[PDB]
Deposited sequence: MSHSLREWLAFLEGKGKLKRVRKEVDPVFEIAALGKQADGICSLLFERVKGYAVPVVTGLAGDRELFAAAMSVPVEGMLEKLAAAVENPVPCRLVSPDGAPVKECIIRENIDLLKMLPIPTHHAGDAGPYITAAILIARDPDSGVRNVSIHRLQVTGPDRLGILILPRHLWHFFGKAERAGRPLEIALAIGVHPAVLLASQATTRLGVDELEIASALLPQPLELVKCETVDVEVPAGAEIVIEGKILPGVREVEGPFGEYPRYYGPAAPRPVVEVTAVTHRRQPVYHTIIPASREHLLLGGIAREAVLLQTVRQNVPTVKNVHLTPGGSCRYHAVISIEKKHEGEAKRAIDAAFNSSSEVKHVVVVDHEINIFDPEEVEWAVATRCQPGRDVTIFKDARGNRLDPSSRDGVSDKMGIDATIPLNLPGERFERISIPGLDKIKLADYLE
């Protein structure tokens, strides 16, 4: 119930899952074929050289599918996401007996690369990477639960290197290693997209992203206890890897192809020792190809929800916001307003820059411009921006720019009568 498998069923019946029955190499070929499907359809690789386990990529690659994953029309997606962040819903603990992720359990002679078709994605990558695992951990002093997604380099049979940015997991790990103790974690792979989307919520220090996922789903998310660590994982996941981040240890992780289409450099980083693996009988392995639409939209939609709220606080006339793919759904923002007073553009711009330190470039347009169409936003810039009046620059870590491409308060688009009414097919 609201598992990856049901999501794959939903995609199949919509003709947005295609299978690939011919054998593929997990080294580069999965990523290469996945890139050609980016944004059009999900691919299920039924034969991966060296493995009985299939690989799925591109579960959702456009805003219509993420809206479907949340049971909303596109129009309501951002508000539904912000409502889930504001009002989390408890998860239900469930028995391990009959939980699909407990069907097979491995505690000895663990070899991750032997069990799982973990791909190698881009040319410069140090080796195979796990890119779609939600990482569940608890604060070792306050006990609160956090979920985030981290790249994990497969460095041995039972060892992973992990990039941890200075956010919540880092805070937890900091506390474990001041006490000289490991931090217990669980990794879950093959979950519903709503759960992945929930793992990208940026919140204050103590809100459990699994509870956010619970609010987005039709029923509460069902959890089960791990075998070897005191952590909870989604009962319906495909695969769970249990382990611990080792105190003090630093090993070289990287380099790795990342979201902005550049390499993340190699450096000494924490290490996870894996103490168990559990999975469904005949699991599906999910990978996210870095810088794909799936990768960009996961974080993007979450950042857009926050951006809409921040901008709406200061500019109640805001109709919509979009973090463009060109900007890695992060650096570039387009904001539509139903403008009433001159001065609204500047306020929307100032608000976008407080949404996150990442936003670098902001364009503001009138409500009738479709901000999801780059050609129409460019047209609005071309015809409605006078740069001496309409451009502000922030100099001083990143420079930033704001562009007011709204019509001044005191421009009708040309059209052809009959164009909705008449179809070229009926005349040929």
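- Residues of the deposited sequence lacking C-alpha coordinates fall in the stretches 1, 398-410, 425-429, 448, numbered from 1.
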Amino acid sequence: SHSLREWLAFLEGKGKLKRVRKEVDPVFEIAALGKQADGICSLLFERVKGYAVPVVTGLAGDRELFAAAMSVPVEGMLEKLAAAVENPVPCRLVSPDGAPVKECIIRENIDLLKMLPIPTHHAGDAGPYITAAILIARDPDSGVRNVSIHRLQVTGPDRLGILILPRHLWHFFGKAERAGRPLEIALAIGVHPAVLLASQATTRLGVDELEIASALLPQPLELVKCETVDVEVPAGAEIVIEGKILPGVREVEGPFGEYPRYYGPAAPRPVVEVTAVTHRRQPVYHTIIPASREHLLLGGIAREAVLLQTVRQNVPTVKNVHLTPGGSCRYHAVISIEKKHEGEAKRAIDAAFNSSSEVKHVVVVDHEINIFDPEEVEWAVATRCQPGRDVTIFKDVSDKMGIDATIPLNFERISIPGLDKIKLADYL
From here on, numbers count along this sequence of modelled residues.
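- Of the two segments, 378-386 and 61-69, the one listed with the higher mean B-factor is 61-69 (C-alpha atoms only).
- In this entry, 245-253 has the higher mean Cα B-factor, the comparison being between 245-253 and 121-129.
- Based on the entry's C-alpha B-factors, the most elevated value among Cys329, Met77, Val274, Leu196 belongs to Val274.
- Note on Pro260, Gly190, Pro96, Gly299: the highest value goes to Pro260, judged by CA B factor as recorded.
- Remark: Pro90 belongs to the highest third of its chain, ranked by C-alpha B-factor as recorded.
- Looking at the C-alpha B-factors along this chain, the one for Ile40 belongs to the highest third.
- In the deposited entry, the Cα temperature factor of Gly236 places it in the lowest third of its chain's modelled residues.
- When the CA B factors of the chain's modelled residues are split into thirds, the value for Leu113 lands in the highest one.
- Ranked within its chain, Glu211 lands in the middle third, by CA B factor from the PDB record.
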